[PDB]
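Colleague: How does the following fold in three dimensions:
(chains A, B, C, D, E, F and G, ligands or ions: 6)
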Amino acid sequence: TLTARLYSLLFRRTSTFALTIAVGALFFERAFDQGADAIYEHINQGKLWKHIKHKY
Amino acid sequence: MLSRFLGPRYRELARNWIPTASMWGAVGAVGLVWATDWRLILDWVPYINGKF
Amino acid sequence: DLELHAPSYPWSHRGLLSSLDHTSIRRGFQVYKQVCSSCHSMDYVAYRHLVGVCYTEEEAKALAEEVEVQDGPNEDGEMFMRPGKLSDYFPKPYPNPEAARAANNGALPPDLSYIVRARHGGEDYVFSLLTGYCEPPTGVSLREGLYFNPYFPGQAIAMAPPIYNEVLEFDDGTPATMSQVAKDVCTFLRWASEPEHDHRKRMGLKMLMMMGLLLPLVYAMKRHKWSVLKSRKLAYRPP
Amino acid sequence: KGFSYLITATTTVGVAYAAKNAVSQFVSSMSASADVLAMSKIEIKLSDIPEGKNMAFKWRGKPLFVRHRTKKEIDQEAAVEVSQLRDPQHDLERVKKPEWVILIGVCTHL
Amino acid sequence: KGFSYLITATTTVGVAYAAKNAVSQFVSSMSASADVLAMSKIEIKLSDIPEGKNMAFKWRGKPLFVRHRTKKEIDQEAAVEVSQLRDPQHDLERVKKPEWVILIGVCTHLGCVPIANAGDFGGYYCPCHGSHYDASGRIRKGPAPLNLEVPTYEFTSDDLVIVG
Amino acid sequence: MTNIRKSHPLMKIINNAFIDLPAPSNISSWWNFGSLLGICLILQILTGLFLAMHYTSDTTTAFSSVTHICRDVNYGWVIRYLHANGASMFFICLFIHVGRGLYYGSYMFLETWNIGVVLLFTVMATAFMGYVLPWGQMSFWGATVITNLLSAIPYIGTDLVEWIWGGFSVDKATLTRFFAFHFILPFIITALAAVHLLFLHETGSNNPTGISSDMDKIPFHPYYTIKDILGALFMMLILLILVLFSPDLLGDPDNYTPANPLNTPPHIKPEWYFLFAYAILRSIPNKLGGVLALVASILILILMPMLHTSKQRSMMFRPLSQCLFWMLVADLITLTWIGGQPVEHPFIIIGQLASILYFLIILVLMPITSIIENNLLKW
Amino acid sequence: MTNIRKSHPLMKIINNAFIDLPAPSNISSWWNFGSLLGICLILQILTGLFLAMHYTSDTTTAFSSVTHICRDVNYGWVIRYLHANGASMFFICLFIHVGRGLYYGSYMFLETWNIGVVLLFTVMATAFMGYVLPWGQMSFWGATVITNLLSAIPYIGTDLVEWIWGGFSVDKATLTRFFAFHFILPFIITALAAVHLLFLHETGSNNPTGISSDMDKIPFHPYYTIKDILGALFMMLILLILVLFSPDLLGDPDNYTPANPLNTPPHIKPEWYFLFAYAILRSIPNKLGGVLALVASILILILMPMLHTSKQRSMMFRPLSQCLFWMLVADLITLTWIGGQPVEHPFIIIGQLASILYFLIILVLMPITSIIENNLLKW
Ligand code: HEC
Ligand code: HEM
Ligand code: HEM
Ligand code: HEM
Ligand code: HEM
Ligand code: FES
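Modeller: Residues are numbered from 1 along each chain as shown, chains lettered A, B, ... in the order given. Ligands and ions are numbered 1, 2, ... in the order given. The relevant structure is shown in the block below.
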C-alpha cells in the first residue's frame, strides 16, 4: 500500500512531517487559489472587470 | 560551561542531532519563504512562480 | 399610514456568489454624472475608486479632468479652481447643506455613498422609488412642489421626477429607457455602498471551500482522538 | 499510521493556508491605505520663483524643494569646485533640465 | 496607646483629605468641560423682536424661534382644542408666557420641507408630510410625531430670557 | 530530572489549567461555548485593536473615519465586519453559556456564577458603548435614549446623566469618553475571565448528569483541546458566513447615515442582543420601575442558587423543569421580538405578559415545580 | 473553619503575594522603588485613561485637543501634567531599580531579570509612542528621526519603516496607530509585571548583603506595607512638586508648537530618559552599527548575569567593583548630558569616549575586577 510508503518516508519524523506540511502549504495554496478564482470567474462570466477590460 | 560541553560524546550527540536540526532549519526556511511570499526565491520554483 | 415594501427584484448580484455587472456599474456612473449629480453627492467616493471596476485608468483621468475643484491657498492666500485628478472625491453640488436645502424647496438631497446600505430594502427600495412615481389617488392633495411616490415614507417626496424616458445617451448604445436607467443607477449605487462586494463574495467562496475541506478533517481528528473513549468497555468485578 | 497522519497533515495544511491568509490580511491592513496610495504623483509648475530660490512643497510626506536655479549654475555650477568634492555631481545629470532643479527635503546628516 | 493612635488618626484624616481632593479632581474632570458650559449653557435673548415676528436663533446647535405670539394668536390657540392635535398640548400649558412663545425650531419627521414664519393654521406650517403647525408651534394637520419642541425658557426680567 | 511542564512556574499554571486539568468525560457540546466565548474575546480584542489604528473618536470625523476604514484601508471591511458580527456571535455564545448554566445546575458553583454575572454586565456595557463609536443615526439616538434612562434615578439622576454625557446632550465628550471606556473595558473582562476560570478549577466542572464525575475525569489536553478546536472552527464558520455573505444582516441600515441630532429615526431600537432587556423596560409604565426591572432582569441570575429547591443538581432528570426552561427560552425570544417591534396596541400587552411570565417562571414557577418534582420522587 | 485570608483563592493569592510573604529583614530603602514602579504604573494607567477621554487622534485635532484638556477641561491640566511628569518619575524609578538589581547582584534571579529586561523594552516603547501623541514639533520630529533608524536594517529595513509609518512619512496614519499602541501596551506591561512578581516570589528577595536570609525573615504586611506607603508618599512629594511648581522643567518648549513637517526645530532631542541611549546612537558613524549599538545598550542587561565572576553575589563587600559601578553611573550621566548638546566639538569625542567606556566597564572591567577580587580573598 502506498500509504505505508508515505508514512515511512515523510511522516515518521516529526520534522520531516513539518517539512511535508510546509511544501504542501505552497502547492495547496497555489492550486486552491487557481481553482477558486477559476470557479468564481466561471460563475460570473462576463460581469467582472477582467472580462470587460478588453473593449477599452 | 564550554569546558563541560566540549566532549567526545557531546560532539557525537551533536552529530546525531545534525540531520534533525538541519532539516528543522530547512522547515523554517521554507515556512519563512512561504509566509513572507519571498518573491526572490519563489520566482525559481516552477509551478508556484506562475502566481506572479 | 402604511408602507410599500419594495418587491425583491431579481438583481444579477443577488445569488450567494453572483458578482456585480460591472458594465451596469459603468453605465450607472454616467447616469449619476448627468442626472443625479446635479443635486446629490457621494463625497466618500473619489474618481480613483472607479479605476479597475468601471473605467480604465486613462478614462478615470479624463473623467476627473472634466470637472473643476477648489484647491488650497496660492502664494497669495486665495482659492483657485483646478481640474481634478484621481484623488478628488466627487464634487459637492452645493457648498453647504443650507444651500442645498434652500435650493431644493426645503429638503436635503441625501448623500448617496450609503443610500443603498442606509435604506430599508436596498436596491429594491431605490429602484421602486425611481420607477414608482404616479398620480396621487383621490382624496390626497399634495402642496405644490411635492410629488407623490408611494414607496417614499409619508408618500410625499420633495423630488422632481429624476429619470424620465430617454434622459441621457448611453455611450454603449443601450436604449436609455427609464427602467434601464434605474437598473443601472441602482447597481452603481450598490457598488458605491459596498465596493468590496465582488471580493467579499470571492473570499466567501474560498471560505466555503476551506471549511468544507477542514471541518470534516478536524471532525475526523476529533473522532480519532476520542475513539479510545468511545470504544472503552468497562467491567465490574466485586468480590 | 500513514492514513491517520495523512488526515492530520492535510488539515494542518489547510490551517496553514488559512492562518497565512489571515495574518497577511491583518498585516496588509496595517500597511499603507489606498488613500495614501493615491501616492506621491505630485505635479505643479516650477517657474514661480524668480531664479535661484527654493519653494517648499508637500509631495510625499516630507518636503520637496522646487527651484529655478540661478543662471550662473546651469553653465558653471558643475565648474564650482568640480575636483572630487566627496560625492561629485553636475546639474546636467542631477536634473535633465538645464534650469529647474527639484529635490526632496530630507538632509543627509540626519 | 492614645498617643500612638493619635498619630495614626491624624495621618488617616490627612490621607482622607488628600484622597477626597484627588478623587474630586478626576470626577470633576469627567464632568462638563468649560466650553460646553459656555455654548451649551444658557444663551439669553433680548427685546430685539417686535410683535408677530419670530427672531431666528442658533442655540445648542438647534434653531430657536421666539415668535411674539400676539393676543389674536393666543385667542386662536386657546380656542383650538387639544385632541385635534396628535399629541394634546394646550396652548397655555406648553407656553407659560402667552405673548412670547418659545420653541425650538426643527420640523419633526426627517425635516420634510416646512414653511417657516408663515402658516395656514398659524405662524408655521409644514406641508411635505401632513404636518400643519400652529402659531404656538403645535401640530395641526396630520398626526406628525410631535409638536414643535419647546425648551426650558426662563424669563428672569424684561428682555431677559435664558434658554437651553 | 523533572518535567518542565510541571516544574516551571508559568508552565505549572498552564499545565494545571489547560493540559492535565481533570475534566468530566461526558460533557456535551454545550460546554464548548466557554472556550468559544474566550476565543471570541480574543478576536474582539484583536480586530478592535486594528480598528483602533484607523478610527479617530471625534464628532466631526468619527463616521468619516469608519467609512475610510471600510473603503480605503487594505481589507478594512474584513476587520470592521469581523468585529461587528463577532460581537453579535459573542452575545449568542454568552446567552447559550448562561442557558447551559441555568439548565444543568451549574449555579451551585456560586463564586463562578457571580463572577459570570459580573462578566455579563461588563460585556453588555462594553457592547453598548462600542455601538456608539460609528456615530450613526441609530448609534447617537440609542445612546441618547439609554443614557436618558438613568434620569429616572431619584434625586441624583439628572446629575448622573449629565455627568455621563460630559455635558448637556450626547456630543463630542460623550463620544471620546465612550471610546476610552470601550478600549479599557475588555481588559477588565479578561482579568475577570481569568478569575472565573480560577474559581471554576477548584471545583472541577459540572457534567450534564449533575452527578460528581470524580470517578470518570480524563486529562484535558488529548481530548478537549481538539474538541474546543472543532467548536471554534464551527463558530468561525458561522461568523465568516455572516461576515462574507450577509454582513449587515444583524444590523440596522440607518446606522449608515451620519448622526443628525435634529432628526429622530422612525425606529430607535438598540442592538439585537439588548432588545430582550429593552422590552422589559418598555413593559413597566413607571420610568424608575422600568429601569429597576431592566437591571433586575440581568440581576435575577444571582438569585438562582438560592431559588434551586430540587434535590437534583441537573435538569435532565426533571421533565417538568425542562418544559419550564424551554418556556423561559421562548419567552426570551418573544421579548426580543417585542423589543424589536414598535410599542403599539398588539405589542404592549404581549410585552407586558412576556415580562411578567419571564419573572414569574424564574422566581415562582420553577421552585414550586421543583418542589412537586421532589414530592413525586418520594424524597 | 479557617482564615478566608489563606483559604479563599483570590485572598490566598494576595496573602502569599504581599501579606504573609517572607521578606528579608534587612531590605534597604532601594527596594521600595519596586512598588514605586507599580504605583507609577497604576497612576500612568489612571491618568492616561482620563486623558484618552478628551484626546482625539487626528492630526487636525491632536494639538488642539491637548490644549483643550489643558485649558478647558475642569482640572484637566492637573491630569495632563501629572501624566507628563509621572512618565519621568516612572523612568527615574526604573533606572534606580535596574541600578539596584545590578549593584546587589539581584540578576542571579535569571527569570526575573530577563522579564525585567522585557518590561524595560516595553516601557521605553510605550513612552516613545506617548511622547509622539501630543503632535508637537518635538513629537513629530523625534518620531521621524527614531523610526528612520529602521531603514538601516538590511533588506527588509526600508519596508519595515513604510510599514510602521503606515505610508511614506509620520502622518495621520501613524498618529492613530501610535495612539492605539500606547493604549494597549501598558496592560501588557501589567501582565508582565504580574509574571515578574510570580518569578521573584518563587525564590524570594535578595538582601543588600547578598547572602541568603532565610533565617531572618519577617512578614511583609506589618512592616513593608507601611515602608512602601512611606516610599509612595516620598515619590508623590517629588512628583507633585514637579507638576505643581515647575511642570515644564523636564520637557522641551518646542513641543508646544504645532507640528510642521516643512520646518524643523533648532535641535531634535528625545525625552531625557532616552538621551543616554541616543548619544550612543550618535557615537558610531555607521548607521547600521549605530542601531545595533542602540539595541545592545539595553540588551547588555541580558548578558549581565553571565558575566558575573565574583565569588560574592552583591557589591557590599567589593570596593573595587563599587568604584567601577559608580564609574558606570557617571558614564550614563555623561551620555545623558552629551545627548542634549548638538553634534559639535568637543561633544563628539566625549560622546565616543563615554560610549566606549560604558561597554568597556560592563563587559571587561567588571569581570576582570571580580577575578582580581576573588584572588585578593584567598578564593
Ligand atoms: C434636481 C434635483 C434632483 C435630481 C435630478 C435627483 N434628486 Fe434625488 N433627491 C432630491 C431631493 C431634493 C431629495 C429629498 C426628498 C426628501 O427627502 O423628501 C431627494 C431624495 C433622494 C433619495 C431619498 C430616498 C429616501 O427616502 O431615503 C434617493 C435614494 C435619491 N434622491 C436618489 C436619486 C437618484 C438615484 C437620482 C438620479 C439617477 C436622483 N436622486 C435625482 C433631488 C434630486
Ligand atoms: C468585549 C469585546 C468587544 C465588544 C463586544 C465590542 C463591541 C463593539 C461593537 C458592537 C462595535 C460597533 C461596530 C459597528 O457598529 O460597526 C464596536 C466598535 C468598535 N470597537 Fe469594539 N468591542 C469589543 C472589543 C473592542 C476592543 C478591545 C477595542 C479596542 C482595541 C475595540 C475597539 C472598537 C472600535 C475602535 C470600534 C469602532 C469601529 C467600529 O465601529 O467598528 N473593541 N465594538
Ligand atoms: C466573558 C465571558 C465568559 C467567559 C470567557 C467564560 C469562560 C468560561 C469558561 C472557559 C468556562 C469553562 C468551560 C465551560 O464549563 O463551559 C466557564 C464555565 C462557567 N461559566 Fe463562564 N464565562 C463567561 C461568562 C459567564 C457567564 C455570563 C456566566 C453566568 C452568569 C458564567 C458562568 C459559568 C459557569 C456556571 C460555569 C461552569 C460551567 C460548568 O462547569 O458546568 N460564565 N466559563
Ligand atoms: C515595569 C516595571 C517594573 C516593575 C513594576 C517591577 C516590579 C518589581 C517589584 C515590585 C519588585 C519587588 C521589589 C524590589 O525588589 O524592587 C521587583 C523586583 C525585581 N525586579 Fe522588578 N519591576 C520592574 C522593572 C524591572 C526591571 C527593568 C528589571 C531589570 C531588568 C527588574 C528586575 C528586578 C529584580 C532583579 C528584582 C529582584 C530584586 C531583588 O531581589 O533584590 N525589574 N520588581
Ligand atoms: C506605561 C505607562 C505610560 C507611560 C510611561 C506613558 C507615557 C506618556 C508620555 C510620555 C506621554 C506624552 C506626554 C506629553 O505630552 O508630554 C503620554 C501621553 C499620553 N498617554 Fe500615556 N503613558 C502611559 C500609559 C498610558 C495609558 C495606559 C494611556 C491610556 C489609558 C495613556 C494615554 C495617553 C494619552 C491619551 C496621551 C496624550 C495626552 C498627552 O500627551 O498629554 N497613557 N504618555
Ligand atoms: S414634514 Fe415637517 S413634520 Fe412631517
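Colleague: Would you map the helices across chain D?
Modeller: For chain D, the helices defined by DSSP state H cover D:2-30, D:71-76, D:91-94.
Colleague: so which of the ones you listed gets nearest residue G:8?
Modeller: helix D:2-30 (40.9 Å; C-beta to C-beta). In this view, the C-beta of every residue, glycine as well, is placed from N, C-alpha and C.
Colleague: what comes up buried for that closest one?
Modeller: D:2, D:5-18, D:20, D:25-26, D:29-30 (16 or more other C-beta atoms under 10 Å in any protein chain shown).
Colleague: Over to residue C:159: give its phi and psi.
Modeller: phi -110, psi 120 (degrees, to the nearest 10).
Colleague: Any part of the longest helix anywhere in chain A near chain F?
Modeller: Counting by DSSP H, the longest helix found in chain A is helix A:14-43. No: shown here: helix A:14-43 not in contact with chain F (C-beta under 8 Å from any C-beta of the partner chain), separated by at least 12.7 Å.
Colleague: Check whether that helix comes near chain B.
Modeller: Yes: Helix A:14-43 reaches chain B (C-beta under 8 Å from any C-beta) through A:15-16, A:18-19, A:22-23, A:25-27, A:29-30, A:33.
Colleague: what comes up buried for that helix?
Modeller: A:15-26, A:28-30, A:32, A:36, A:40-41.
Colleague: and that helix, does that touch chain D?
Modeller: Yes: between helix A:14-43 and chain D, judged by C-beta under 8 Å from any C-beta, the touching residues are A:17, A:20-22, A:24-25, A:28-29, A:32.
Colleague: by contact count, what packs against that helix?
Modeller: helix B:8-36, helix C:197-230, helix D:2-30 (3 or more C-beta pairs under 8 Å, 6 or more residues apart in numbering or on different chains; DSSP states H and E).
Colleague: could you dump the ones you listed to CSV with distance to chain F?
Modeller: Rendered in CSV, the data for these read as follows (distance: least, C-beta to the nearest C-beta, whole Å):
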stretch, distance to chain F
helix B:8-36, 17
helix C:197-230, 4
helix D:2-30, 5
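Colleague: With distance to ligand 3 added, can I get those helices in CSV?
Modeller: What follows is these, written out as CSV (distance: least, C-beta to the nearest ligand atom, whole Å):
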stretch, distance to ligand 3
helix B:8-36, 30
helix C:197-230, 17
helix D:2-30, 22
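Colleague: Ligand 5 is nearest to which of those?
Modeller: helix D:2-30 (20.1 Å; C-beta to the nearest ligand atom).
Colleague: quick check: angle from the closest one to helix B:8-36?
Modeller: Going by axes from the mean of the first three to the mean of the last three C-alpha atoms, to 10 degrees, helix D:2-30 is angled at 60 degrees with respect to helix B:8-36.
Colleague: Only alpha carbons, please: show stretch D:5-25 as CSV.
Modeller: Extracted in CSV, the C-alpha atoms of stretch D:5-25 (Å, rounded to 0.1, in the frame of the first residue of the first chain):
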residue,chain,number,x,y,z
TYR,D,5,-1.2,11.1,9.9
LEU,D,6,-2.3,12.0,6.4
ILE,D,7,-5.6,13.2,7.8
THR,D,8,-3.6,15.3,10.3
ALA,D,9,-1.2,16.6,7.6
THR,D,10,-4.0,17.6,5.3
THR,D,11,-5.9,19.5,8.0
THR,D,12,-2.6,21.1,9.1
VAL,D,13,-2.0,22.3,5.5
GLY,D,14,-5.5,23.8,5.4
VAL,D,15,-4.9,25.5,8.7
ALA,D,16,-1.6,26.8,7.5
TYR,D,17,-3.2,28.3,4.4
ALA,D,18,-5.9,29.9,6.4
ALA,D,19,-3.5,31.3,9.1
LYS,D,20,-1.3,32.8,6.4
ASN,D,21,-4.1,34.3,4.5
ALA,D,22,-5.5,35.9,7.8
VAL,D,23,-2.3,37.1,9.3
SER,D,24,-1.2,38.6,6.0
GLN,D,25,-4.8,40.0,5.9
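Colleague: And it, how far out from the chain middle?
Modeller: 36 Å (C-alpha atoms, centre = their mean, to the nearest Å).
Colleague: go on, stretch C:199-216?
Modeller: Worked out by C-alpha atoms, centre = their mean, stretch C:199-216 lies 25 Å from the chain centre.
Colleague: Is that stretch positioned near chain B?
Modeller: No: Stretch C:199-216 does not reach chain B (C-beta under 8 Å from any C-beta); its nearest approach is 14.9 Å.
Colleague: ranges for the helices of chain F?
Modeller: Going by DSSP H, chain F shows helices at F:9-14, F:33-52, F:62-72, F:76-103, F:110-130, F:137-148, F:157-165, F:172-202, F:220-245, F:275-283, F:287-307, F:319-340, F:345-360, F:366-376.
Colleague: so which of the ones you listed comes closest to chain E?
Modeller: helix F:157-165 (5.6 Å; C-beta to the nearest C-beta).
Colleague: CA atoms of the closest one as PDB?
Modeller: Provided in PDB are the C-alpha atoms of helix F:157-165 (Å, rounded to 0.1, in the frame of the first residue of the first chain):
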ATOM      1  CA  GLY F 157     -30.500  61.100  38.400                       C
ATOM      2  CA  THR F 158     -30.100  64.200  36.300                       C
ATOM      3  CA  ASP F 159     -26.700  64.900  37.700                       C
ATOM      4  CA  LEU F 160     -25.700  61.300  36.800                       C
ATOM      5  CA  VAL F 161     -26.900  61.600  33.200                       C
ATOM      6  CA  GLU F 162     -25.200  65.000  32.700                       C
ATOM      7  CA  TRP F 163     -22.000  63.500  34.200                       C
ATOM      8  CA  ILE F 164     -22.100  60.500  31.800                       C
ATOM      9  CA  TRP F 165     -22.900  62.800  28.900                       C
END
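Colleague: got the contact list for the residue nearest in space to the middle of chain C?
Modeller: Centroid-nearest residue in chain C: residue C:190, 2.2 Å away (criterion: C-alpha atoms, centre = their mean). Residues counted as contacts of residue C:190 (C-beta atoms under 8 Å, 6 or more residues apart in numbering or on different chains) are C:11, C:13, C:20, C:116, C:122-123, C:197.
Colleague: That one and residue F:287, how far apart?
Modeller: Shown here: residue C:190 relative to residue F:287, a distance of 43 Å by C-beta to C-beta, to the nearest Å.
Colleague: Next: residue A:42.
Modeller: Following C-beta to C-beta, the distance that separates residue A:42 from residue F:287 is 60 Å.
Colleague: Can you tell me the closest non-neighbouring residue to the residue of chain B found nearest chain D?
Modeller: At 5.5 Å from chain D, residue B:35 is the closest residue in chain B, using C-beta to the nearest C-beta. Of all residues not flanking residue B:35 in the chain, residue D:20 sits nearest, at 5.5 Å (C-beta to C-beta, 6 or more residues apart in numbering or on different chains).
Colleague: does the one you found really touch residue A:29, like I thought?
Modeller: Yes: judged on C-beta atoms under 8 Å, residue D:20 makes contact with residue A:29 at a distance of 7.3 Å.
Colleague: Kind regards, and thank you for your time.
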